[PDB]
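The chain below stands alone and is given as structure tokens, in the form deposited in one PDB entry.
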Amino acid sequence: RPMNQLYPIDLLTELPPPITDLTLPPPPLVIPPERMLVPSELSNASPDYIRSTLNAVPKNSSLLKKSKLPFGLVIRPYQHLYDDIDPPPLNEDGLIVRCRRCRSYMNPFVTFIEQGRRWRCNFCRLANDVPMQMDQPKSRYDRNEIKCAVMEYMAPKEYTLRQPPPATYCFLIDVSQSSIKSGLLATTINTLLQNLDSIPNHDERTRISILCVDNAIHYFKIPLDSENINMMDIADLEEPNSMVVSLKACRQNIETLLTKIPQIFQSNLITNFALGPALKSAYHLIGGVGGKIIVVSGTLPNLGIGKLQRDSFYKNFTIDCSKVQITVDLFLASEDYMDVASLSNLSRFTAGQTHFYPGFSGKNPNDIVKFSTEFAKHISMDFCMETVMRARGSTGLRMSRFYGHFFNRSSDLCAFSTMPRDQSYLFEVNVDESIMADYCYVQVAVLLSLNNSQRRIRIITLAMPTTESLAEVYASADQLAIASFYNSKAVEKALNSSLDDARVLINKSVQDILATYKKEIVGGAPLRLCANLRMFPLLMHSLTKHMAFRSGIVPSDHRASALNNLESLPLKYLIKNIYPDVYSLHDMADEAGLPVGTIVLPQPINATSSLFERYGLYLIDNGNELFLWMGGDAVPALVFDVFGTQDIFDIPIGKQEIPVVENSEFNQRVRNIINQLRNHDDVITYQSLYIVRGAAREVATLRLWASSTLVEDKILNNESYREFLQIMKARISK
């Protein structure tokens, strides 16, 4: 069969690295047409929903252990922030054909035996009876579950205990002095004000609630608009209707309320923020139905249970949340220590997310734009509730570990009190018994309650050829999925052991593979590997230089933040966060910077200072920020086209946007590119821009930060990518 072939390469002959590879699809999934009931591209799972680190699965353990490649699945149930965008097919007859033993769902890989009266489960080989219902002008082959690898069903009654819940929100806002002064409260209020209609309300049942918190927990009774402020203070930190209300029936009142709040705490001098108590308050406020507690704060919890200093209460809270289907999201914006490392556990184990805004300050107009844009997109994001996810494997395969934000204790089931749209997840697979078939399969199932009072079950079925050829296993390895695998193992290692241990784990992942390939597969002295794993060494090396794993000094909050982001980022954004897209703008092609409303972007250059001409203009996009680097020797014409002036020392410095320079088509093109890199319908990230000038203190600090993004270069005591490869070669030698 067309088993993907091994394409040997010499890593030393490919420098700079062919970074265009970061954008190629993974190796093909060699499945002949006969194995699929209705052959088509939709008959096997798309890499967008699931990506196996191995697209040619080792037929047995000893071979898996010998490959030294990991077996993991990058799973992402949703592709966009809004469900109306490119949804999978949706079944509605309520018929759900499932195996009696394993419980796997009918899929494109089952085999109909005995005149099509029964089907043999492809996961456990059990013979099952085909319901007469599967044939009621279309036949069973016109059905999605048989035509598509990724499809969805409307769940029957037995898949529900209680009636689908409404999308419930509880904004727990920090109204302490730090919040007032910084403008976080103002910005938070104004944003809610400007997006009440952005919040999902597909069934008109969406419910909201607002808790303002300082040293006491301030509540608000919101009457129905039709029957036209009641602030109920509670200072006893040891201690529903009209508190959690209809966004629709109280639209004007919620608006009236949010408008007054800023004035209420306008002159607050209290510096207390009792997160613990408030959190328990919100818990009881929505626990009877479940929902999201969205915390906005710029002040370290310092009063009541759960206070922190420069705690396990939170972990216990997440355990309780898993009992009442509550998710917690956090927006931490402050110049002071916030202990993202501790607070991020709230979101982490409740399927929520934490967003960190270092040095946030209203005094900086650009700080407002970033916080607002993200907070707005985040609250507008669709999501599920009471969801659970699991992956079933065919005989011999077993899910062993689960990574990402959700709740999982001693099962193979991942609980999502609410399932967001902007995250990714990873499952490690183990091959126990030897596989006997030429194919093995993996099926991910999501039993969910959509934010439209509907019960659904989303299925993702993946089929992979088995092989005994170690060479074939390597030729079908998904480098980006693998990078992601080790990225999660590294986060675990760090978060539970040490940063250094995590570095050791990252570098080892590369050495073992390079060592294995060299000895397990048959010139001068090259560093051998295959084409599909060509970017792996570079990705792991670059990972060791990421702010999340770097050696040396990195502020506590930044670090925790970076770790939290790398662990939940969608593959696409993960690879870019590790290795950045760098654009050479001064010698930009004429197409670039202009429409094809989507703008065309220049081709990315390698992430190295070797290419930064002193007279050039470069734009760096690392998924977190955008750096506009202008060479200290830029010709006045260039400095002009971009900022209006001809003096390069007069340019804007730091966190600032590019000015609108009239009659400069070049300035428009630069603005187009930036705006293009800023729009995503799958994540909420708004990337602030930092303008840096090439070669008073701030300028040095920025050059330093921007420079650190060029992960191919040497930094302090971390070698360059070139040297890294040399080191590895020396290590796998005798």
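Sequential numbering from 1, following the sequence displayed.
Only in words, not in the display: the form solved in complex with a partner chain, which the text now covers.
Only one of the listed residues (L258, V130, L224, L413) places a non-hydrogen atom within 4.5 angstroms of its partner chain in the deposited complex, and that residue is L413. Note on the partner interface in the deposited complex: the residue among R103, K508, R205, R534 having a heavy atom within 4.5 angstroms of its partner chain is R103. Of the heavy atoms in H378, none are within 4.5 Å of its partner chain in the deposited complex. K307 falls outside the set of residues with a heavy atom inside 4.5 Å of its partner chain in the deposited complex. Residue contact with its partner chain in the deposited complex: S209 places no heavy atom within 4.5 Å of it.
Under a 4.5 angstroms non-hydrogen atom cutoff, its partner chain in the deposited complex has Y159 among its neighbouring residues. Partner contacts here mean any heavy atom within 4.5 Å of its partner chain in the deposited complex, and among 189-197, 346-354, 387-395, 419-427 they occur only in 387-395.
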